[PDB]
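Taken one at a time, structure 1 and structure 2 that follow are two forms of one protein chain, written as structure tokens.
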Structure 1
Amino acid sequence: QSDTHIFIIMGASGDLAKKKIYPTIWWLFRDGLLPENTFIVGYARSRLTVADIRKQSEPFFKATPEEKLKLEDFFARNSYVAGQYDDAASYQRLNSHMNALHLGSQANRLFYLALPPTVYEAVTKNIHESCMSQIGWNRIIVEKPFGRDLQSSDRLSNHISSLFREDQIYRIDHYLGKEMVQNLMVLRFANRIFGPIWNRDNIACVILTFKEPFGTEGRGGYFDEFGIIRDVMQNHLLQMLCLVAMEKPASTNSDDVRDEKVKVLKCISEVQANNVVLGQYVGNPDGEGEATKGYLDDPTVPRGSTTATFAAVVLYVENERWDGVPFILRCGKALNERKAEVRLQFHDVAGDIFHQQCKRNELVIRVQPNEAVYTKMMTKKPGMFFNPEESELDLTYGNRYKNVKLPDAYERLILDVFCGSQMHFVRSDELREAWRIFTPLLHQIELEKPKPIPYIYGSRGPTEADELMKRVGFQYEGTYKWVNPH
């Protein structure tokens, strides 16, 4: 478009703006992906100049010498307004500043809230009252947390919705910006090989996994307030569940997609303790550096905290496609690897003619690291043998698409806000369902304070988690052997 566009970084002085938002909007700018007439306005409490923003942020830009002119033009299009987050006069100054930009009263305005949630309500109120374009569109970009339970999320939502239409609100769940998460829809709905088997007649279980190999890294006191279910399970994992489970949408229009996601969540009952395993990591005495330290060995964590650093939970989608199929959500810190993954395990073939030698087929979508899709399946054992053995059909992006840069999630998502595409942003009704599913459990945990099961730093987590997975119908043999073909 030829319209002026203004990108307002609310909280421009903070760490997140410095290390992530300023570098992302630079990358989009550098790559020629933004509108020609774009300006960037920082707003925060400190009395900073553009030269200070540049000094703090440009080390994270990965700028090259050849980009020097583009960089000069980028900083020429930047400005900074000092102000407080609930001061009417400050927002007035911000509005006037924006009006003074080239066609500024006409401009489309995008507000990125690079702020803590304790100022969300004051910032949204003030933007609405003072800084909205009367001609351009107005879009607000908000990051987690969105409440900490159903009642607290409803309060924020009801505040924002009283001021902003759903088509002005862009709630980030950054998994929705990742390459292979966005692929889930194409894989499922562009292919006949995945279509007729994607149902309860063929699928024994679905496993949605998020593992990190580091602990809390001295920042445990922050984590301790919310825990792993609020951090990862209620948002990122549940989003992956929705994209795995959803019926095929009427179109790829933003709200046809998000309608199908909500429809999935509305069929999920509130999870109970029965289907939950919680863990907390302890130090590995045979380990090195951080790995010798448990969760309670972080001095910012409250003494005797029972906060879980690991959760496995089983949900069920109560509908025709999914009736009975367990969806296992599993996540933890200080585990054996970094990995996020979707895995479908297929049922056994009926009418076995291979004398119980066959294993269940599996489809794996590995989100990170090392983006890949593969199907574990049976082939005749190569050479002079007749017995089936497990093998796979593989697609690895690092080998197949060596030269192709995959954008960071924040690159993709910020660009989507410019384009007005809400497909990959969390809708108000979707948010509410997510909290409805998990709030009873979260409240029970806060009330009864169950003691999480210790697991050692660097392990796969508590063995009770594997037991839960087996109980609900996941089969593990440990016979599959993969050799990296390179």
Structure 2
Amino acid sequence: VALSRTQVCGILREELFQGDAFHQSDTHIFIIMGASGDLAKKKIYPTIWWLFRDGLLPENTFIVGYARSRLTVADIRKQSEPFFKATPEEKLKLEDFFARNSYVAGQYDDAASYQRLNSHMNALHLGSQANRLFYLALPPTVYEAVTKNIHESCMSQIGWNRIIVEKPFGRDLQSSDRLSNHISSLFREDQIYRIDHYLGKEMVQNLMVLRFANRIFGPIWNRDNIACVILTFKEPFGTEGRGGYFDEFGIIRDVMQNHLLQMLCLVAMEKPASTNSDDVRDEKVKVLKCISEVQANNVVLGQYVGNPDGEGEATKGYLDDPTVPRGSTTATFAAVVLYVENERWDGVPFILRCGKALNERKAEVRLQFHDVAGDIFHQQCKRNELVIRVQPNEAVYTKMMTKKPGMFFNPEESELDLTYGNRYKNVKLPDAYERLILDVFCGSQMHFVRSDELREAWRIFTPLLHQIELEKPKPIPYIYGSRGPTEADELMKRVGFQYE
């Protein structure tokens, strides 16, 4: 039997209600700092709406917008409601949602503006007691000011205070440390939520059960059995005339140093002492501490060019973006190989491969197993694989050999679906991002990057990023819609990976 999207929300609501960590009865205030900006308009307001609509917020929740512009809730609603995908059935819930919304104009480094915000909050029903959740939907160039002022003027004295922080988390170890040390002098680790929009909560929890609940998979999750691991993140669209911001960061900073490294950690970790957030993040950090600074011989960069035979956007290269400097050498593609130098993984290449303007949307973890030690089937045996796909359609499946009916033993490659076993025919999930914000309401930090974790991430990548900035290597061109530079394929072959 299948589970609808609405039945999954019933199960979740019931779990939130039974559990101590989500306080359904207490008052909550959700503060969107930067409520006028595009992130708020297109992602945050719609998503807090989805939570509200799904019955997954505490019943007493208020949304307070705060930005420089002098706006009404009516304005917020006009700019944001198109991205809510609201239906006619939801007209009542949408009224009730907007009734819980308010806006406060202010400057980001003006103490008086923050006192108005605090008074505004205090003036809500039970505002002085509410749990306060601050979403910092702002460039990190104002984070020092905003976190300073929030701490001085805006903290609940009764409820908890939690802040959600957006990438970039610096651009290297030293800038990351300046920002992280600043925020840490004001907020405890258990108040800081560094979010990863791309972390697929359902698939990472599937993976943990698959590995840690089962003798079939746990004993082969090591270098004696695994030839390589591939972490793939692919977008088919380029920068869409908006690449100016990206151009200052590049693909490694954008998605690899943060998101792909988290996935590596979840694949490579030792079994945690428990499923508590900090036991799990302890094991994520132990992994990073076993990884050496990556060197350039393990890296292939590319930059997309237009396709002469394309139509629409496909005909334009990265440099044809009007907001991108002519002769920028910033990479829109990287393939990178890391090693986890410990008992479980030494020698196993972890291959991170991502880019824009590629052939498909795909986000995926692939374990490719070694060949059998001694093939009694005339070399017909392909390497087994375990694939966890997140980004197009979620799936867990194992590629393996099976007998073809007939005389003697002719194995053929086959696939089995391990997504929810035999149990559930269809499963329609809540948005992963919706679930991630819900985590912050529940006090669950497992899938958010910890300070120690972040430092290790920057140590790994920083020598290389500095070297790229100083040596300015020309990245390899690749046609829009292709799989990227063929040199990425060569790096993968060279370190142990097999295609056909």
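Sequence positions of structure 1, starting at 1, serve as the residue numbers. By rigid core we mean the largest C-alpha set that fits within 1.5 Å across both forms.
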- Message: Let me spell it out: fit the two forms on their rigid core, measure each listed C-alpha, and pick the one of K380, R93, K248, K339 that moves 2 Å or more between the two structures. Which is it?
- Response: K380
- Do you see a C-alpha shift of 2 Å or more at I127 between the two structures, with the core held fixed? no
- Message: Would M233 count as moving between the two structures, using a Cα shift of 2 angstroms or more after superposing the core as the test?
- Response: no
- 2 Å or more on the CA of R400 between the two structures, with the rigid core superposed, yes or no? yes
- What Cα shift, in Å, does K178 show between the two structures once the core is superposed? 4.3
- Value in Å for the CA shift of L208 between the two structures, taken after the core is superposed: 0.4
- Give the C-alpha shift of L187 between the two structures, in Å, after superposing the two forms on their rigid core. 2.2
